[PDB]
Amino acid sequence: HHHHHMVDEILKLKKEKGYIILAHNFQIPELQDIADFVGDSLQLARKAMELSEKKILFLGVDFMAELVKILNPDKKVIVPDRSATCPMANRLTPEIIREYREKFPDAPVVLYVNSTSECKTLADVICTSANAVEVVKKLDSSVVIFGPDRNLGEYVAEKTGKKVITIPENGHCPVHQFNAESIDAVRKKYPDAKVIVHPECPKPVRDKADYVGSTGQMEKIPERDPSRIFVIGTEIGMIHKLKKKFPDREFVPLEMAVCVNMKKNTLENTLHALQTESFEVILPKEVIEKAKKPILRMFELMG
Ligand code: SF4
């Protein structure tokens, strides 16, 4: 195979330098295939609390890399492309959070993991799409401030029956903005398929699906549902992961959806990352000290 040169040197350097490679489900297939651990944000977070390796090569977006570093302040965490980021996460600011706390002083601030680390210092608790409902449901308040994703926050309100005040205005992920007409069409084409969509999808898409969950939840659905075909309403990288786990099922994208930021990581720049041991994820000590609190609380409110 024409990529063997890069694959081989990645595997040699990883072993030589004492790295573990962690990847998100939306990384390109070639990188998922060289990673030691591939999963969703919640799975990556739990892995980050548990791993023993002194050095971590993280393959995803910056807020995830930073969470891994917050949970491992004394380990070296590197990323191939320091600009890989989540634009949705980036629209929420400290300024907005403080405005809404004042406006709603007894509402806890619940931040989606897709948020800047500075913003996380201001949060009462963090959540991911897999545990957002459980986390908010276990809080002792009928109103919560939630951001940055309006769709997830609305989904939380539905499932919990609580009032969810979303910040900022119109926070959403462009990648998950499917039209519900694509489900209609796919029902005609594959009448016995099961439709699985992300909670970041708009309400009409969520409401027409058979299942709604994080990518980690998506991967467990075929363990209990015997359907021959699943239609997947998330970023394209998940198709590879699903097909690999369940080669006897068919996985069909709801629509082709690509996260440009998740695609910034390549075999070539991942090799360079191992060769140079760059770019290190560095945070102020204060940010780590402060952002760790709502991350650890997330885990307390699961069990
Ligand atoms: S798929 Fe959407 S929410 Fe996820 S990292 Fe990309 S832009 Fe952010």
# chains A, B, ... in the order shown; residues from 1 in each chain; ligands from 1
>>> closest_atom_pairs(of="chain A", to="ligand 1", cutoff="9 Å", atoms="only C-alpha atoms and all ligand atoms", output="CSV")
residue,atom,partner,partner_atom_place_in_ligand_line,distance
A:26,CA,ligand 1,1 (S),7.6
A:60,CA,ligand 1,5 (S),7.8
A:61,CA,ligand 1,5 (S),6.2
A:62,CA,ligand 1,5 (S),9.0
A:63,CA,ligand 1,5 (S),8.8
A:84,CA,ligand 1,5 (S),8.7
A:85,CA,ligand 1,5 (S),6.7
A:86,CA,ligand 1,8 (Fe),3.9
A:87,CA,ligand 1,7 (S),5.6
A:88,CA,ligand 1,8 (Fe),5.7
A:89,CA,ligand 1,8 (Fe),6.7
A:114,CA,ligand 1,3 (S),6.6
A:149,CA,ligand 1,3 (S),8.1
A:172,CA,ligand 1,3 (S),7.5
A:173,CA,ligand 1,2 (Fe),4.3
A:174,CA,ligand 1,2 (Fe),6.2
A:175,CA,ligand 1,2 (Fe),5.2
A:176,CA,ligand 1,2 (Fe),6.7
A:200,CA,ligand 1,3 (S),7.5
A:234,CA,ligand 1,1 (S),7.7
A:235,CA,ligand 1,1 (S),6.0
A:257,CA,ligand 1,1 (S),8.5
A:258,CA,ligand 1,1 (S),7.4
A:259,CA,ligand 1,6 (Fe),4.5
A:260,CA,ligand 1,6 (Fe),7.1
A:261,CA,ligand 1,6 (Fe),6.1
A:262,CA,ligand 1,6 (Fe),6.2
>>> residues_around(residues="segment 265-276 of chain A", least_positions_apart="2", cutoff="9 Å", atoms="only C-alpha atoms", output="PDB file with N, CA, C and O atoms, in the first residue's frame")
ATOM      1  N   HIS A   3       0.727   4.238   1.221  1.00  0.00           N
ATOM      2  CA  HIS A   3       0.886   4.954   2.519  1.00  0.00           C
ATOM      3  C   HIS A   3       1.796   4.256   3.537  1.00  0.00           C
ATOM      4  O   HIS A   3       2.040   4.801   4.622  1.00  0.00           O
ATOM      5  N   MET A   6       4.566   6.150   5.629  1.00  0.00           N
ATOM      6  CA  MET A   6       4.115   6.977   6.735  1.00  0.00           C
ATOM      7  C   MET A   6       3.544   6.138   7.897  1.00  0.00           C
ATOM      8  O   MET A   6       3.849   6.416   9.053  1.00  0.00           O
ATOM      9  N   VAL A   7       2.718   5.138   7.588  1.00  0.00           N
ATOM     10  CA  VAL A   7       2.143   4.244   8.593  1.00  0.00           C
ATOM     11  C   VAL A   7       3.235   3.585   9.385  1.00  0.00           C
ATOM     12  O   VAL A   7       3.211   3.600  10.617  1.00  0.00           O
ATOM     13  N   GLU A   9       6.460   4.394   9.835  1.00  0.00           N
ATOM     14  CA  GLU A   9       7.251   5.324  10.652  1.00  0.00           C
ATOM     15  C   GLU A   9       6.425   5.875  11.796  1.00  0.00           C
ATOM     16  O   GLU A   9       6.960   6.048  12.884  1.00  0.00           O
ATOM     17  N   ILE A  10       5.117   6.105  11.572  1.00  0.00           N
ATOM     18  CA  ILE A  10       4.233   6.498  12.702  1.00  0.00           C
ATOM     19  C   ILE A  10       4.261   5.429  13.800  1.00  0.00           C
ATOM     20  O   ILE A  10       4.505   5.767  14.965  1.00  0.00           O
ATOM     21  N   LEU A  13       7.735   5.322  15.582  1.00  0.00           N
ATOM     22  CA  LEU A  13       7.999   6.492  16.426  1.00  0.00           C
ATOM     23  C   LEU A  13       7.129   6.519  17.659  1.00  0.00           C
ATOM     24  O   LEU A  13       7.593   6.918  18.739  1.00  0.00           O
ATOM     25  N   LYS A  14       5.876   6.090  17.506  1.00  0.00           N
ATOM     26  CA  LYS A  14       4.972   5.986  18.629  1.00  0.00           C
ATOM     27  C   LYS A  14       5.553   5.077  19.717  1.00  0.00           C
ATOM     28  O   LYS A  14       5.586   5.448  20.900  1.00  0.00           O
ATOM     29  N   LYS A  17       9.065   6.567  21.195  1.00  0.00           N
ATOM     30  CA  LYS A  17       8.995   7.744  22.039  1.00  0.00           C
ATOM     31  C   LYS A  17       8.011   7.629  23.203  1.00  0.00           C
ATOM     32  O   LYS A  17       7.913   8.540  24.025  1.00  0.00           O
ATOM     33  N   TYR A  19       4.560   7.200  23.166  1.00  0.00           N
ATOM     34  CA  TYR A  19       3.241   7.849  22.923  1.00  0.00           C
ATOM     35  C   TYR A  19       2.089   6.886  22.939  1.00  0.00           C
ATOM     36  O   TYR A  19       2.211   5.766  22.450  1.00  0.00           O
ATOM     37  N   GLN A  27     -11.934  11.682  12.667  1.00  0.00           N
ATOM     38  CA  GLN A  27     -10.647  11.680  11.966  1.00  0.00           C
ATOM     39  C   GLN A  27     -10.735  10.813  10.727  1.00  0.00           C
ATOM     40  O   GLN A  27     -11.566   9.899  10.659  1.00  0.00           O
ATOM     41  N   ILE A  28      -9.904  11.128   9.740  1.00  0.00           N
ATOM     42  CA  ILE A  28      -9.876  10.342   8.494  1.00  0.00           C
ATOM     43  C   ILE A  28      -9.555   8.870   8.811  1.00  0.00           C
ATOM     44  O   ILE A  28      -8.913   8.581   9.826  1.00  0.00           O
ATOM     45  N   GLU A  30      -7.522   6.689   7.658  1.00  0.00           N
ATOM     46  CA  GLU A  30      -6.110   6.375   7.742  1.00  0.00           C
ATOM     47  C   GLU A  30      -5.520   6.683   9.111  1.00  0.00           C
ATOM     48  O   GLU A  30      -4.615   6.004   9.575  1.00  0.00           O
ATOM     49  N   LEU A  31      -6.026   7.727   9.769  1.00  0.00           N
ATOM     50  CA  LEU A  31      -5.588   8.037  11.139  1.00  0.00           C
ATOM     51  C   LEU A  31      -6.283   7.200  12.220  1.00  0.00           C
ATOM     52  O   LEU A  31      -5.647   6.816  13.221  1.00  0.00           O
ATOM     53  N   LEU A  57      -0.434  11.729  21.839  1.00  0.00           N
ATOM     54  CA  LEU A  57      -0.684  12.365  20.562  1.00  0.00           C
ATOM     55  C   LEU A  57      -2.191  12.355  20.357  1.00  0.00           C
ATOM     56  O   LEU A  57      -2.809  11.292  20.257  1.00  0.00           O
ATOM     57  N   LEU A  59      -5.615  13.384  18.217  1.00  0.00           N
ATOM     58  CA  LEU A  59      -6.102  13.603  16.841  1.00  0.00           C
ATOM     59  C   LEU A  59      -7.599  13.958  16.858  1.00  0.00           C
ATOM     60  O   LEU A  59      -8.455  13.094  16.993  1.00  0.00           O
ATOM     61  N   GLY A  60      -7.884  15.260  16.808  1.00  0.00           N
ATOM     62  CA  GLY A  60      -9.254  15.754  16.834  1.00  0.00           C
ATOM     63  C   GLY A  60      -9.211  17.267  16.752  1.00  0.00           C
ATOM     64  O   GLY A  60      -8.463  17.822  15.911  1.00  0.00           O
ATOM     65  N   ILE A  78       0.433  16.440  22.484  1.00  0.00           N
ATOM     66  CA  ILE A  78       0.699  17.097  21.221  1.00  0.00           C
ATOM     67  C   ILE A  78      -0.445  16.897  20.218  1.00  0.00           C
ATOM     68  O   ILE A  78      -1.180  15.911  20.294  1.00  0.00           O
ATOM     69  N   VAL A  79      -0.542  17.833  19.285  1.00  0.00           N
ATOM     70  CA  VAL A  79      -1.475  17.777  18.154  1.00  0.00           C
ATOM     71  C   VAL A  79      -0.778  18.107  16.829  1.00  0.00           C
ATOM     72  O   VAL A  79       0.160  18.942  16.812  1.00  0.00           O
ATOM     73  N   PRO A  80      -1.208  17.481  15.713  1.00  0.00           N
ATOM     74  CA  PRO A  80      -0.546  17.765  14.425  1.00  0.00           C
ATOM     75  C   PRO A  80      -0.792  19.156  13.854  1.00  0.00           C
ATOM     76  O   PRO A  80       0.083  19.703  13.205  1.00  0.00           O
ATOM     77  N   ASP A  81      -2.000  19.681  14.060  1.00  0.00           N
ATOM     78  CA  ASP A  81      -2.427  20.965  13.511  1.00  0.00           C
ATOM     79  C   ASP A  81      -3.061  21.769  14.629  1.00  0.00           C
ATOM     80  O   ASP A  81      -4.145  21.460  15.089  1.00  0.00           O
ATOM     81  N   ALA A  84      -6.751  23.260  14.264  1.00  0.00           N
ATOM     82  CA  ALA A  84      -7.942  22.399  14.245  1.00  0.00           C
ATOM     83  C   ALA A  84      -8.790  22.775  15.451  1.00  0.00           C
ATOM     84  O   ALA A  84      -8.385  22.639  16.606  1.00  0.00           O
ATOM     85  N   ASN A 261     -12.415  21.045   9.923  1.00  0.00           N
ATOM     86  CA  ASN A 261     -11.439  21.070  11.037  1.00  0.00           C
ATOM     87  C   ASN A 261     -10.945  19.684  11.431  1.00  0.00           C
ATOM     88  O   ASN A 261      -9.718  19.481  11.604  1.00  0.00           O
ATOM     89  N   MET A 262     -11.856  18.712  11.491  1.00  0.00           N
ATOM     90  CA  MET A 262     -11.473  17.309  11.780  1.00  0.00           C
ATOM     91  C   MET A 262     -10.573  16.720  10.667  1.00  0.00           C
ATOM     92  O   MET A 262      -9.762  15.858  10.925  1.00  0.00           O
ATOM     93  N   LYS A 263     -10.710  17.217   9.449  1.00  0.00           N
ATOM     94  CA  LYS A 263      -9.914  16.765   8.315  1.00  0.00           C
ATOM     95  C   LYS A 263      -8.544  17.441   8.199  1.00  0.00           C
ATOM     96  O   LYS A 263      -7.790  17.114   7.307  1.00  0.00           O
ATOM     97  N   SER A 278       5.752  17.841  18.339  1.00  0.00           N
ATOM     98  CA  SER A 278       5.024  19.166  18.369  1.00  0.00           C
ATOM     99  C   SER A 278       3.670  18.928  17.705  1.00  0.00           C
ATOM    100  O   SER A 278       3.548  17.979  16.941  1.00  0.00           O
ATOM    101  N   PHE A 279       2.653  19.771  17.915  1.00  0.00           N
ATOM    102  CA  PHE A 279       2.678  20.967  18.749  1.00  0.00           C
ATOM    103  C   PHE A 279       2.108  20.685  20.108  1.00  0.00           C
ATOM    104  O   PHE A 279       0.977  20.187  20.222  1.00  0.00           O
TER     105      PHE A 279
END
>>> residues_around(residues="residue 58 of chain A", least_positions_apart="6", cutoff="10 Å", atoms="only C-alpha atoms", output="PDB file with C-alpha atoms, in the first residue's frame")
ATOM      1  CA  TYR A  19       3.241   7.849  22.923  1.00  0.00           C
ATOM      2  CA  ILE A  20      -0.352   6.737  23.070  1.00  0.00           C
ATOM      3  CA  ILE A  21      -2.424   7.935  20.082  1.00  0.00           C
ATOM      4  CA  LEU A  22      -5.984   9.072  20.840  1.00  0.00           C
ATOM      5  CA  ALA A  23      -8.382   9.886  18.000  1.00  0.00           C
ATOM      6  CA  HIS A  24     -11.873  11.184  17.580  1.00  0.00           C
ATOM      7  CA  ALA A  35      -4.657   5.243  16.599  1.00  0.00           C
ATOM      8  CA  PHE A  37      -7.944   4.478  20.909  1.00  0.00           C
ATOM      9  CA  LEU A  44     -11.843  10.215  25.078  1.00  0.00           C
ATOM     10  CA  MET A  64     -10.754  18.013  23.052  1.00  0.00           C
ATOM     11  CA  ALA A  65      -6.907  18.131  23.101  1.00  0.00           C
ATOM     12  CA  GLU A  66      -7.141  20.708  25.871  1.00  0.00           C
ATOM     13  CA  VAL A  68      -7.026  15.742  27.686  1.00  0.00           C
ATOM     14  CA  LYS A  69      -4.255  18.111  28.893  1.00  0.00           C
ATOM     15  CA  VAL A  77       0.005  16.288  24.872  1.00  0.00           C
ATOM     16  CA  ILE A  78       0.699  17.097  21.221  1.00  0.00           C
ATOM     17  CA  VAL A  79      -1.475  17.777  18.154  1.00  0.00           C
ATOM     18  CA  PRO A  80      -0.546  17.765  14.425  1.00  0.00           C
ATOM     19  CA  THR A 270       0.803  13.293  12.090  1.00  0.00           C
ATOM     20  CA  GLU A 280       2.444  20.731  22.522  1.00  0.00           C
ATOM     21  CA  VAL A 281      -0.859  21.650  24.197  1.00  0.00           C
TER      22      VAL A 281
END
>>> residues_around(residues="residue 196 of chain A", least_positions_apart="2", cutoff="9 Å", atoms="only C-alpha atoms", output="ChimeraX atom specification")
/A:194,198,206,209-213,218,221,230-234,254
>>> write_last_selection(atoms="N, CA, C and O atoms", output="PDB file, in the first residue's frame")
ATOM      1  N   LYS A 194     -32.867   1.571   9.792  1.00  0.00           N
ATOM      2  CA  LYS A 194     -33.015   2.378  10.991  1.00  0.00           C
ATOM      3  C   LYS A 194     -32.183   3.667  10.870  1.00  0.00           C
ATOM      4  O   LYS A 194     -31.039   3.600  10.460  1.00  0.00           O
ATOM      5  N   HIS A 198     -27.429  12.464  15.181  1.00  0.00           N
ATOM      6  CA  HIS A 198     -26.792  13.115  16.322  1.00  0.00           C
ATOM      7  C   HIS A 198     -27.748  14.112  16.975  1.00  0.00           C
ATOM      8  O   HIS A 198     -28.540  14.737  16.267  1.00  0.00           O
ATOM      9  N   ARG A 206     -34.076  15.104  14.243  1.00  0.00           N
ATOM     10  CA  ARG A 206     -34.129  14.282  15.447  1.00  0.00           C
ATOM     11  C   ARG A 206     -35.467  13.522  15.579  1.00  0.00           C
ATOM     12  O   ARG A 206     -35.492  12.312  15.840  1.00  0.00           O
ATOM     13  N   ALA A 209     -35.941  10.465  13.260  1.00  0.00           N
ATOM     14  CA  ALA A 209     -35.014   9.383  13.386  1.00  0.00           C
ATOM     15  C   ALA A 209     -35.554   8.296  14.297  1.00  0.00           C
ATOM     16  O   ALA A 209     -36.421   8.552  15.093  1.00  0.00           O
ATOM     17  N   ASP A 210     -35.001   7.101  14.166  1.00  0.00           N
ATOM     18  CA  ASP A 210     -35.281   5.966  15.051  1.00  0.00           C
ATOM     19  C   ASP A 210     -34.498   6.113  16.350  1.00  0.00           C
ATOM     20  O   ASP A 210     -34.989   5.752  17.410  1.00  0.00           O
ATOM     21  N   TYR A 211     -33.280   6.652  16.237  1.00  0.00           N
ATOM     22  CA  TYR A 211     -32.370   6.813  17.380  1.00  0.00           C
ATOM     23  C   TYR A 211     -31.666   8.157  17.295  1.00  0.00           C
ATOM     24  O   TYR A 211     -31.313   8.619  16.198  1.00  0.00           O
ATOM     25  N   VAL A 212     -31.441   8.759  18.461  1.00  0.00           N
ATOM     26  CA  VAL A 212     -30.634   9.968  18.601  1.00  0.00           C
ATOM     27  C   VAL A 212     -29.541   9.688  19.646  1.00  0.00           C
ATOM     28  O   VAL A 212     -29.829   9.211  20.741  1.00  0.00           O
ATOM     29  N   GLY A 213     -28.281   9.950  19.284  1.00  0.00           N
ATOM     30  CA  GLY A 213     -27.206   9.823  20.263  1.00  0.00           C
ATOM     31  C   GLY A 213     -25.884  10.360  19.765  1.00  0.00           C
ATOM     32  O   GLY A 213     -25.716  10.644  18.564  1.00  0.00           O
ATOM     33  N   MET A 218     -24.053   5.760  19.013  1.00  0.00           N
ATOM     34  CA  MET A 218     -24.361   5.232  17.678  1.00  0.00           C
ATOM     35  C   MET A 218     -23.690   3.860  17.484  1.00  0.00           C
ATOM     36  O   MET A 218     -24.325   2.906  17.010  1.00  0.00           O
ATOM     37  N   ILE A 221     -25.498   0.865  19.106  1.00  0.00           N
ATOM     38  CA  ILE A 221     -26.881   0.557  18.693  1.00  0.00           C
ATOM     39  C   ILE A 221     -26.998  -0.789  17.964  1.00  0.00           C
ATOM     40  O   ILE A 221     -27.929  -1.544  18.278  1.00  0.00           O
ATOM     41  N   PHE A 230     -28.290   0.730   8.486  1.00  0.00           N
ATOM     42  CA  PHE A 230     -28.433   1.939   9.297  1.00  0.00           C
ATOM     43  C   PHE A 230     -28.091   3.170   8.461  1.00  0.00           C
ATOM     44  O   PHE A 230     -27.100   3.160   7.745  1.00  0.00           O
ATOM     45  N   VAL A 231     -28.912   4.207   8.553  1.00  0.00           N
ATOM     46  CA  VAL A 231     -28.649   5.495   7.919  1.00  0.00           C
ATOM     47  C   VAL A 231     -28.161   6.459   9.005  1.00  0.00           C
ATOM     48  O   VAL A 231     -28.845   6.644  10.028  1.00  0.00           O
ATOM     49  N   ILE A 232     -26.986   7.045   8.769  1.00  0.00           N
ATOM     50  CA  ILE A 232     -26.205   7.751   9.813  1.00  0.00           C
ATOM     51  C   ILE A 232     -26.154   9.261   9.566  1.00  0.00           C
ATOM     52  O   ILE A 232     -25.601   9.721   8.568  1.00  0.00           O
ATOM     53  N   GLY A 233     -26.784  10.014  10.455  1.00  0.00           N
ATOM     54  CA  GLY A 233     -26.840  11.461  10.420  1.00  0.00           C
ATOM     55  C   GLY A 233     -25.788  12.079  11.340  1.00  0.00           C
ATOM     56  O   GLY A 233     -26.094  12.640  12.419  1.00  0.00           O
ATOM     57  N   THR A 234     -24.538  11.911  10.923  1.00  0.00           N
ATOM     58  CA  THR A 234     -23.402  12.606  11.553  1.00  0.00           C
ATOM     59  C   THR A 234     -22.298  12.811  10.516  1.00  0.00           C
ATOM     60  O   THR A 234     -22.493  12.571   9.304  1.00  0.00           O
ATOM     61  N   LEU A 254     -26.661   9.787   5.913  1.00  0.00           N
ATOM     62  CA  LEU A 254     -27.889  10.509   5.680  1.00  0.00           C
ATOM     63  C   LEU A 254     -27.690  11.535   4.545  1.00  0.00           C
ATOM     64  O   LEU A 254     -28.513  11.602   3.604  1.00  0.00           O
TER      65      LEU A 254
END
>>> closest_residue(among="A:76, A:290, A:15, A:150", to="residue 167 of chain A", atoms="only C-alpha atoms")
A:150
>>> atom_distance(atom1="atom CA of residue 75 of chain A", atom2="atom CA of residue 303 of chain A")
26.1 Å
>>> select_by_dssp(residues="segment 49-110 of chain A", states="strand (DSSP E)", output="list in words")
residues 55, 56, 57, 58, 59, 76, 77, 78, 109 and 110 of chain A
>>> residues_around(residues="segment 179-188 of chain A", least_positions_apart="3", cutoff="8 Å", atoms="only C-alpha atoms", output="NGL selection string")
:A and (191-193 or 195 or 204-205 or 208-209 or 231 or 254-255)
